[PDB]
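Source file: start28.cif (mmCIF, C-alpha atoms)
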data_protein
loop_
_atom_site.group_PDB
_atom_site.id
_atom_site.type_symbol
_atom_site.label_atom_id
_atom_site.label_comp_id
_atom_site.auth_asym_id
_atom_site.auth_seq_id
_atom_site.Cartn_x
_atom_site.Cartn_y
_atom_site.Cartn_z
ATOM 1 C CA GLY A 1 22.958 46.994 -131.172
ATOM 2 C CA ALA A 2 25.005 44.341 -129.409
ATOM 3 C CA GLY A 3 27.807 46.674 -128.394
ATOM 4 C CA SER A 4 28.761 50.023 -126.914
ATOM 5 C CA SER A 5 29.062 50.728 -123.207
ATOM 6 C CA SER A 6 29.084 54.510 -123.060
ATOM 7 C CA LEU A 7 32.618 55.772 -123.558
ATOM 8 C CA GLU A 8 31.884 59.165 -122.048
ATOM 9 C CA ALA A 9 29.844 57.663 -119.236
ATOM 10 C CA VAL A 10 32.465 55.026 -118.530
ATOM 11 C CA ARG A 11 35.098 57.675 -119.140
ATOM 12 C CA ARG A 12 33.795 59.840 -116.322
ATOM 13 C CA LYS A 13 33.157 56.756 -114.223
ATOM 14 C CA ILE A 14 36.657 55.437 -114.805
ATOM 15 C CA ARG A 15 38.255 58.784 -114.049
ATOM 16 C CA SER A 16 35.948 59.449 -111.124
ATOM 17 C CA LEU A 17 36.269 55.939 -109.747
ATOM 18 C CA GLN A 18 40.013 56.242 -110.223
ATOM 19 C CA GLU A 19 40.127 59.328 -108.035
ATOM 20 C CA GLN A 20 38.029 57.537 -105.443
ATOM 21 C CA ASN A 21 40.256 54.492 -105.752
ATOM 22 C CA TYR A 22 43.251 56.563 -104.718
ATOM 23 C CA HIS A 23 41.134 58.538 -102.282
ATOM 24 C CA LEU A 24 39.820 55.437 -100.555
ATOM 25 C CA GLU A 25 43.160 53.705 -100.964
ATOM 26 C CA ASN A 26 45.014 56.532 -99.261
ATOM 27 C CA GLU A 27 42.119 57.050 -96.878
ATOM 28 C CA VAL A 28 42.086 53.442 -95.739
ATOM 29 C CA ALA A 29 45.863 53.209 -95.792
ATOM 30 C CA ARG A 30 46.274 56.419 -93.830
ATOM 31 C CA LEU A 31 43.333 55.285 -91.733
ATOM 32 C CA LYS A 32 45.209 52.246 -90.481
ATOM 33 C CA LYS A 33 48.443 54.170 -90.079
ATOM 34 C CA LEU A 34 46.470 56.762 -88.153
ATOM 35 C CA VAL A 35 44.822 54.003 -86.155
ATOM 36 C CA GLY A 36 47.349 51.215 -85.751
ATOM 37 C CA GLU A 37 45.847 50.617 -82.330
ATOM 38 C CA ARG A 38 46.679 47.676 -80.098
ATOM 39 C CA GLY B 1 27.839 57.226 -124.552
ATOM 40 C CA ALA B 2 29.157 56.300 -127.977
ATOM 41 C CA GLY B 3 32.852 55.772 -128.609
ATOM 42 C CA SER B 4 34.159 52.379 -129.658
ATOM 43 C CA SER B 5 37.785 52.227 -128.585
ATOM 44 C CA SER B 6 39.348 50.249 -125.761
ATOM 45 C CA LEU B 7 35.798 50.027 -124.466
ATOM 46 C CA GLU B 8 37.050 46.767 -123.008
ATOM 47 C CA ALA B 9 40.065 48.376 -121.379
ATOM 48 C CA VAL B 10 37.973 51.218 -120.012
ATOM 49 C CA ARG B 11 35.110 48.860 -119.262
ATOM 50 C CA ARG B 12 37.522 46.789 -117.208
ATOM 51 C CA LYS B 13 39.025 49.845 -115.557
ATOM 52 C CA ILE B 14 35.554 51.070 -114.670
ATOM 53 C CA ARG B 15 34.298 47.686 -113.531
ATOM 54 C CA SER B 16 37.525 47.066 -111.653
ATOM 55 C CA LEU B 17 37.772 50.519 -110.124
ATOM 56 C CA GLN B 18 34.114 50.133 -109.230
ATOM 57 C CA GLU B 19 34.716 46.891 -107.374
ATOM 58 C CA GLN B 20 37.667 48.498 -105.632
ATOM 59 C CA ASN B 21 35.520 51.498 -104.788
ATOM 60 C CA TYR B 22 32.982 49.320 -103.014
ATOM 61 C CA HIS B 23 35.770 47.142 -101.669
ATOM 62 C CA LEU B 24 37.659 50.051 -100.154
ATOM 63 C CA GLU B 25 34.394 51.766 -99.306
ATOM 64 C CA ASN B 26 33.072 48.821 -97.330
ATOM 65 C CA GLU B 27 36.569 48.030 -96.117
ATOM 66 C CA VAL B 28 37.483 51.493 -94.894
ATOM 67 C CA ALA B 29 33.984 52.043 -93.563
ATOM 68 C CA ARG B 30 34.020 48.825 -91.570
ATOM 69 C CA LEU B 31 37.557 49.836 -90.682
ATOM 70 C CA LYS B 32 36.748 53.192 -89.131
ATOM 71 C CA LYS B 33 34.061 51.265 -87.287
ATOM 72 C CA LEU B 34 36.528 48.523 -86.436
ATOM 73 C CA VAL B 35 39.424 50.786 -85.527
ATOM 74 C CA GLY B 36 37.246 53.092 -83.462
ATOM 75 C CA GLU B 37 40.504 53.944 -81.736
ATOM 76 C CA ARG B 38 41.154 57.015 -79.622
#

Hey, can you dump this file as structure tokens for me?
Amino acid sequence: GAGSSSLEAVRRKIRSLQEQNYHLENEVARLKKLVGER
Amino acid sequence: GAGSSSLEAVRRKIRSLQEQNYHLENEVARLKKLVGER
């Protein structure tokens, strides 16, 4: 009743988000490195 | 859905990763728009 937060749902969200975290992290990081204008 | 185990750890990893997703998403995005190099 007053508990549960979808383990499978959060499991796929955690794993998925994780991938995106490293994807956006490396994307942004590499983005700057690629940019590094001025 | 269902589970009951580290729901807090995963819930925090999901919530955290989520925030980072939107943080890096809005960051990178605004970046590519900011960098607009080359």

Inset, instruction - Name the residues in contact with residue 4 of chain B at a cut-off of 12 Å, using all atoms listed in the file, excluding same-chain residues fewer than 3 positions from it; report them as a ChimeraX atom specification. - result: /A:3-8,10-11 /B:1,7-11

Inset, instruction - Hey, list the chain B side of the contact with chain A: 8 Å cut-off, only C-alpha atoms, answer as a PyMOL selection string. - result: chain B and resi 1-4+7+10-11+13-14+17-18+20-21+24-25+27-28+31-32+35+37

Legend entry - Cα RMSD of chain B after least-squares fit onto chain A, all atoms paired in order: 3.1 Å

Please determine an axis-aligned box that encloses all atoms of segment 13-22 of chain B listed in the file, with 8 Å added on each side, and express its centre and edge lengths in Å to one decimal as JSON.
{"center_x": 36.0, "center_y": 49.2, "center_z": -109.3, "size_x": 22.0, "size_y": 20.6, "size_z": 28.5}
